[PDB]
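With the input below, show me the fold.
(3 chains, ligands or ions: 5)
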Amino acid sequence: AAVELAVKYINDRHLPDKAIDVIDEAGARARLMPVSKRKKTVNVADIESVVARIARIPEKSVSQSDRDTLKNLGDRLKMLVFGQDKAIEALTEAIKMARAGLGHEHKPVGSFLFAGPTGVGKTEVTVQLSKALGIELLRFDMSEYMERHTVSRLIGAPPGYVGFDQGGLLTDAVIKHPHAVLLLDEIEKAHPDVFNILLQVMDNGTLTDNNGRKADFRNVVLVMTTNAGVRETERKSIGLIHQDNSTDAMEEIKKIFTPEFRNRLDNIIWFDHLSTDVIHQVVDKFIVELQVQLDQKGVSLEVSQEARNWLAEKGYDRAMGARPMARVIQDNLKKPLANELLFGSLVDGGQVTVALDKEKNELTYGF
Amino acid sequence: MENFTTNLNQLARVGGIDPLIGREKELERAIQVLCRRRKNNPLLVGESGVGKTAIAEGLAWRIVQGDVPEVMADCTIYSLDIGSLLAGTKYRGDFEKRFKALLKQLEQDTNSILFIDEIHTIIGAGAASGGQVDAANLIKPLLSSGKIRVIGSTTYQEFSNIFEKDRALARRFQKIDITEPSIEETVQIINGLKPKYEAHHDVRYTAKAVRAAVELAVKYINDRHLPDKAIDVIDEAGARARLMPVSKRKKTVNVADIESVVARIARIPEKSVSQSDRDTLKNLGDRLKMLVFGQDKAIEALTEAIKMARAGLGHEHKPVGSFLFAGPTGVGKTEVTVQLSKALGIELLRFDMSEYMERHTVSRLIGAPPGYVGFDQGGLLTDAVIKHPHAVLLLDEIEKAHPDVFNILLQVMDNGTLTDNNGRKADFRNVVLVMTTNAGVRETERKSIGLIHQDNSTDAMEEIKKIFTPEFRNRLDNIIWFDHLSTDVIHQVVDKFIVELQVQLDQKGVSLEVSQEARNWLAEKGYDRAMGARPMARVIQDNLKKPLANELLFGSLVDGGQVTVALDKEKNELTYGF
Amino acid sequence: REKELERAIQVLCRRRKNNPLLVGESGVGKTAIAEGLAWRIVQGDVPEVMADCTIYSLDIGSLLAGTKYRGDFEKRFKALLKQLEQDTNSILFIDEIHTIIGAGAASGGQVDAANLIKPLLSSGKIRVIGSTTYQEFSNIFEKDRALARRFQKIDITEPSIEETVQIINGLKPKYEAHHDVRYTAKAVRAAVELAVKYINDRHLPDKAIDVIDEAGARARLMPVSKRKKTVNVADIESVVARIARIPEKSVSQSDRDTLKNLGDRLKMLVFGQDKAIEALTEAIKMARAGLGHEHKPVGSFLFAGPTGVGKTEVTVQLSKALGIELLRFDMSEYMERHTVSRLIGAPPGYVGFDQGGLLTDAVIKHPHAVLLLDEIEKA
Ligand SMILES: Nc1ncnc2c1ncn2[C@@H]1O[C@H](COP(=O)(O)OP(=O)(O)OP(=O)(O)O)[C@@H](O)[C@H]1O
Ligand SMILES: Nc1ncnc2c1ncn2[C@@H]1O[C@H](COP(=O)(O)OP(=O)(O)OP(=O)(O)O)[C@@H](O)[C@H]1O
Ligand SMILES: Nc1ncnc2c1ncn2[C@@H]1O[C@H](COP(=O)(O)OP(=O)(O)OP(=O)(O)O)[C@@H](O)[C@H]1O
Ligand SMILES: Nc1ncnc2c1ncn2[C@@H]1O[C@H](COP(=O)(O)OP(=O)(O)OP(=O)(O)O)[C@@H](O)[C@H]1O
Ligand SMILES: Nc1ncnc2c1ncn2[C@@H]1O[C@H](COP(=O)(O)OP(=O)(O)OP(=O)(O)O)[C@@H](O)[C@H]1O
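Residues are numbered from 1 along each chain as shown, chains lettered A, B, ... in the order given. Ligands and ions are numbered 1, 2, ... in the order given. The coordinates are given below.
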């Protein structure tokens, strides 16, 4: 098992030295293992532990709290991204499979194309996944790679040119944090010549930069969020029946990405629009965030449930997702609270209350 | 080991080494690697200021403290000073002699450890133009035999570019990744380090002070790593507080002090509102409404965005405000933004987006990739924002740039960061992003056909929606549609222009007065709603400046006096004087 | 510079990494900040802890002189750091600190001024003040992150107008002693304001000093019959207009006539089309008298009509009569949506980057000129 693991997990050293290093370090560890005088034989499990320590990969941790982290990962994420349950499920199941050992042989943990309308929890669920898993988030705003020659920034400049000693951004970011979440935001904006890198990154899990180093993607959860066809999803068709433009957006996805690219994607999760109950939950999340902001200043806040319904009905817009709700919460609360907080009664003291009046459709405030 | 190394255990016995907090996993791994049979040389790599040298020295510290398993006891650690060792080796063979003497001492000791900080530095000692026996090669055989134990420390970039380029030496060292602590871990580190800084600065840090320092260093300082910038804020606040007792403003380190220090370091405003800065925002809308007439909702939006930002309850990682001022020509879109920059005394970053008509012009904004001619220059946008993190960013006529360039502002408006070709992240959290245009105006200046004239009020919004992508419009703070200038607005505008002309005259020692009927006649002559307030300045020009310029350039008004303008009724002309 | 010096002293009192790095634009006065901190130390106008410490300005050439025979530089530098360590009352000032990122042998680019001070700065036994510009700081300095994290960056912004006036008033004694001339305070204010207005490619606290020094040097050259006189608004205005190409005061000289008979002189060469000449002459006269637009060209005119009636002729005759270089751009060469790349230059990374723009370089080289765009409807 030591020889096999050093073969298929340690790819920067050669064979009759990395097996020897695994053996030597396992022996030294079992020699230091007698913190309770416990010296035994080196079994397969100890070798796997030493290897996972060397290659910087997650080991067999079902006996750890990681078991409980992965257990309630779906429910914990569902309390930060409301609706869009199928995407959270796909992400959590991919991460679980990768942890249980039933992963892919030489592929990244997952390579998902998060598509859907705007303002829905597309790029947000990835950040929350990186937070919940506690692993570093490698975010790459792919809208800066519109030029076909920006690949030199991703993988570095070739030998003989100015940017050689800088290296590639993506390869170096992966090499630093092999266990991470790769967020390639707004993937459709990059020049099509950039997808050809993700081709081999997804099919073979590796990437070679200019210095000849091998970037190992076998623990990276590759997530790309797009808006391909969003202009179509918001368009009202001609006719007596308004159509569902989701399959149109999927055909646009097919027209953007080459078949050999879409063929190795683990899933193309089409996010759906937010419903009214989802909007109510979004309003509640935003109010909680605002309350945290206020408590950072020593100011309390409570909002009558009817006022939250009023805010939801005022801001609800399915064609624009959950972003207009932040603007509505802003316009209705943050401005009055700011005027009270800067030069007003709210300096160095809070206990602000909010409620809706039914005759005038307004809000109440005060110390 | 006489004058080339420093006995770390001796320095720890005199208390010269800061106490190591946590780092149990990394220390255990270092011990496991050290107790290997051969190639037992741990290599600590990680980002700058994550605690690599800290861990290496805390190893000797713990050895002196006895908090070590009973295998590393009595193993005194020596730190190597490459400069001191290379100082006097002027003649050939001397460096090799002293290095071999040091290696013999270490090998015969069989117990000491050599900690070579910045270990990427030993790949050159030779001078005879080649791949000489230099220290890199002089230690290669010993590591492969495990007779001596060496600890290294080098950053990720240094290790990746210089150290691991020598495969033979690299494979002899065991890499140990020192990741930056978490918020709780760095809180515990600062708690453990508190006695030293408290004795140094003679101040006391509250627990809330330490927590706020860590949180604010995580939020604002984004170019350094955790256990080095949090203690940076702490030590800076201590040094600042110790400079108060000379003015007898001595106290403990409260959260407000930490916030002031962080606002200073990040060059952002945090709590200056406690001073005479609340009044600055209080009359900000008023101070603008006397410089830009009409278009009041724009001033409301700008003032409220800045108020939410300064009060504290703004956006978390988004620009202070991202607005799209759309409206006809000459209604104050550029002017309100310029006067906003002037009122706050904050730097204005002006970008005429008509020079970005081509898709490939984005290299001007974010720089050229590695390997290309303009690499050493960097982007204009990112460098401007890095120099001025608290500023107003104005994108004139953004509809004139190639529609692909807005995808750059996508991440600027959503996440507030922008990465140029060197990996630097321009911070947009304190930038008032304003983009001006006349996109949907042409559709509103349309003459309908038929018996019934139809309302074209929604055509401007339709055109704006058809120009800017939905995922772009979805992250705008507000789209302030500007209205045309009315008659009374034209009166106020001609008054503003007359005041500017009067200042231009006062520069030359001249005075001017314009009758009220003369002002109304000026307002009547050049008023044109389709052209805004520029033709009014044009009419003021061709009516007053030309005759006044003739009087000034020739005779009469050289050091002139009170010039009086009055309107006739028989012909409706203007009168003048001296 | 109370706040900058205050933050520098706060940094210099830190327990670790007490190394202020003064970074700002070129000509802002970071070197001046350091030398003035020294000068305040010699005068006792410093905080108590910052007394009794002497600032050493380190020069790389003097240290790097003759250091062949590998080891000589390392020995020199270790001896320097040793002598500096025993003080605890000495501060090292490196003027161009972005230049200490290499002194090692070319064989292996290695131990140098950088890798020899890292353990010293991180351990807080010595204190160093640095200075660099943004262009060098973001390209050379913050590439050794382990070295950048040891220095506390201090932004040195350029002063305001009145702050610059006070700086000029504080520096006036030495320039007056050097040139043996006197500057009136009104002339100083005018110098600062005109430097703000016209000198656009240099920063505030330096271009005003430049105007002052040049006015003094020239006023020392006027006394061909010993006509030593104090520098007033007029002479300083002329010195500024030397770069601005148009004096605002000097119009009362033998140039009021040129604007007086400009229209008749042009009508002597362009017959008919009188109102065009009227408009051009009136615009030039307004801009000369000082009623011009503070942020717009002297004029922006559209000449229309049938061909060959003197549209280009009036312009070329204007450029000749005013002694002004005619900048002609034929809009027949610009019939494509991608030719503006020759007007403003190509983006970085492209074949025509270092070539620069045509229109921009023309206007930069000829600040005072006439811009002619033939057949604007063709472009
Ligand atoms: N399903 C959701 N539940 C709760 N909050 C949400 C949801 N979606 C979005 N939000 C909130 O609205 C904001 C936008 O979310 P997000 O960035 O994930 O959408 P997006 O798909 O990336 O937008 P775009 O397509 O324009 O890139 C976030 O601040 C997020 O907190
Ligand atoms: N594990 C730790 N516990 C407590 N404090 C710490 C720890 N690590 C670091 N520090 C503090 O953070 C400071 C800088 O971190 P550290 O010295 O360990 O990294 P470094 O060796 O300087 O890395 P580099 O040389 O590449 O910049 C130290 O002065 C130390 O006081
Ligand atoms: N609402 C206003 N009140 C007073 N003066 C004004 C107003 N608008 C404009 N002006 C004046 O007219 C000039 C042009 O103003 P400005 O450039 O800001 O308009 P604009 O909206 O940007 O036009 P455009 O559509 O071409 O961008 C300025 O000198 C300004 O002083
Ligand atoms: N705060 C100040 N007080 C008095 N005089 C000053 C100040 N700043 C600058 N000066 C003067 O203006 C000139 C420019 O300042 P200074 O020389 O110190 O900057 P610098 O060293 O050229 O910066 P850089 O190296 O980045 O180009 C100096 O001659 C200096 O005497
Ligand atoms: N009003 C005039 N006064 C003097 N000379 C004139 C006049 N009109 C024409 N000409 C003569 O015609 C010649 C060419 O005139 P010009 O170059 O200005 O053409 P234009 O008016 O610019 O029209 P276009 O360039 O579109 O054909 C001049 O050399 C000039 O001698």
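
Can you give me every residue that contacts residue A:261?
Listed by Cβ atoms under 8 Å, 6 or more residues apart in numbering or on different chains, the contact set of residue A:261 reads A:195, A:198-199, A:202. In short, each C-beta sits where N, CA and C put it, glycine included.

Repeat that for residue A:342.
Applying Cβ under 8 Å, 6+ apart, the residues near residue A:342 are B:273, B:278, B:281-282, B:307, B:310-311.

As CSV, the contacts of residue A:261 with secondary structure would be great.
Shown next, in CSV, are the contacts of residue A:261 (DSSP: H, G, I helix; E, B strand; the rest coil):
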residue, secondary structure
A:195, helix
A:198, helix
A:199, helix
A:202, helix
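
Tell me which two of the contacts of residue A:342 sit farthest apart.
Among the contacts of residue A:342, the pair separated by the greatest distance (Cβ to Cβ) is B:282 and B:311, at 11.8 Å.

Buried among the contacts of residue A:261? Need that as a selection in PyMOL.
Here is the PyMOL command that selects the buried residues among the contacts of residue A:261 (16 or more other Cβ atoms under 10 Å in any protein chain shown):
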select buried, chain A and resi 195+198+202
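
From the contacts of residue A:261, pick the one nearest chain C.
For these, the residue nearest chain C by Cβ to the nearest Cβ is residue A:195; the value is 21.3 Å.

check contacts around the residue of chain A found nearest chain B.
As assessed by Cβ to the nearest Cβ, chain B sits closest to residue A:163 within chain A, at 2.0 Å. Residue A:163 sits next to A:152, A:156-157, B:369-372, B:375, B:421 when contact means Cβ under 8 Å, 6+ apart.

Which members of those additionally contact ligand 1?
Near ligand 1, taking Cβ under 6 Å from any ligand atom as the test, no member of the contacts of residue A:163 is found.

ok, of those, which one's closest to ligand 5?
residue B:372 (41.5 Å; Cβ to the nearest ligand atom).

so which of the contacts of residue A:342 comes closest to ligand 1?
Of the contacts of residue A:342, the one sitting nearest to ligand 1 (Cβ to the nearest ligand atom) turns out to be residue B:311, at 20.4 Å.

Disregarding flanking residues, what is the spatial nearest neighbour of the closest one?
Computed as Cβ to Cβ, 6 or more residues apart in numbering or on different chains, the closest residue to residue B:311 that is not its neighbour in sequence is residue A:338, at 4.3 Å.

and stretch A:46-66, which residues are buried?
A:46-48, A:50-55, A:57-59, A:66.

What about these, which are in helices?
In this view, these that belong to helices under DSSP state H are A:46-48, A:50-54, A:66.

now the residues you listed in CSV, with distance to ligand 5?
Shown next, in CSV, are those (distance: Cβ to the nearest ligand atom, whole Å):
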residue, distance to ligand 5
A:46, 90
A:47, 87
A:48, 85
A:50, 85
A:51, 81
A:52, 80
A:53, 81
A:54, 79
A:66, 80
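
Enumerate every residue touching the residue minimising distance to the centre of chain A.
When Cα atoms, centre = their mean is applied to chain A, the residue found nearest the centroid is residue A:126 (1.9 Å). Neighbour list for residue A:126: A:114, A:137, A:181, A:183, A:223, A:225 [criterion: Cβ under 8 Å, 6+ apart].

Go ahead and confirm the last one touches residue A:122.
What it means is residue A:225. Yes - applying Cβ atoms under 8 Å as the test, residue A:225 and residue A:122 come out as touching, 4.5 Å apart.
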